[PDB]
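# Need a 3D model of the sequence below.
(chains A and B, ligands or ions: 2)
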Number of protein chains: 2
Amino acid sequence: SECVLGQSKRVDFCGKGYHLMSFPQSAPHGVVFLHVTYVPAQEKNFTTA
Amino acid sequence: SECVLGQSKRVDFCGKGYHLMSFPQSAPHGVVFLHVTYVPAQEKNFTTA
Ligand SMILES: *[C@@H]1O[C@H](CO)[C@@H](O)[C@H](O)[C@H]1NC(C)=O
Ligand SMILES: *[C@@H]1O[C@H](CO)[C@@H](O)[C@H](O)[C@H]1NC(C)=O
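Numbering: from 1, shown residues only, chains lettered A, B, ... in the order given. Ligands and ions are numbered 1, 2, ... in the order given. Coordinates below:
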């Protein structure tokens, strides 16, 4: 309900990183979610105020 | 806590649609929530960019 039908702000609920969308996949006696997430990379130091 | 005392962004948690607010009602050995919800209607196709 929260990952597939929507976008969840809950941290590490629908996968690590910032959630974008999820895709359900069937399995024997279960369900498999492919949690697409946005992971930042290669940060840079900056002076801030 | 989440539906009555506040507004829930969780999809299909506090009712089917965009949750506005909920109202609790007591019942024997349980509780009843009246989930007020905003569901859109009257769609119209439009070209987008
Ligand atoms: C920022 O600078 C500190 C010390 O100069 C260094 O240890 C750190 O790795 C730098 N971070 C990045 C992302 O370059
Ligand atoms: C939009 O296009 C579809 C094409 O199948 C059509 O059925 C529908 O009536 C159109 N308008 C609405 C109400 O979204």
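# alpha carbons only for contacts and neighbour counts from here, please
Fine.
# Leaving out sequence neighbours, find the closest residue to the spatially most central residue of chain A.
Central residue of chain A (Cα atoms, centre = their mean): residue A:19, 2.9 Å from the mean position. Spatially, and ignoring its direct neighbours in sequence, residue A:19 is nearest to residue A:37 (4.4 Å; Cα to Cα, 6 or more residues apart in numbering or on different chains).
# Tell me the secondary structure at the one you found.
What DSSP: H, G, I helix; E, B strand; the rest coil gives for residue A:37 is strand.
# Report the closest residue of chain A relative to chain B.
Among the residues of chain A, residue A:2 lies closest to chain B, at 5.0 Å counting by Cα to the nearest Cα.
# out of everything not next to it in sequence, what's closest to that residue?
Residue A:2's closest residue in space is residue B:11 (Cα to Cα, 6+ apart), at 5.0 Å.
# what's that neighbour sitting at in phi/psi?
According to degrees, to the nearest 10, the main-chain angles of residue B:11 amount to phi -80, psi 130.
# What is the neighbour count of it?
Residue B:11: 19 surrounding residues under other Cα atoms under 10 Å in any protein chain shown.
# Roughly how far does it sit from residue A:4?
Distance of residue B:11 to residue A:4, computed by Cα to Cα, to the nearest Å: 9 Å.
# and the residue of chain A found nearest ligand 1, helix, strand or coil?
In chain A, the residue that lies nearest ligand 1 is residue A:44 (4.5 Å; Cα to the nearest ligand atom). Residue A:44 falls in the coil class when you classify it by three-state DSSP.
# count of neighbours near it?
Neighbour count of residue A:44, defined by other Cα under 10 Å: 5.
# Pull up the distance across stretch A:34-49, start to finish.
Start-to-end, stretch A:34-49 (Cα to Cα) is 39 Å.
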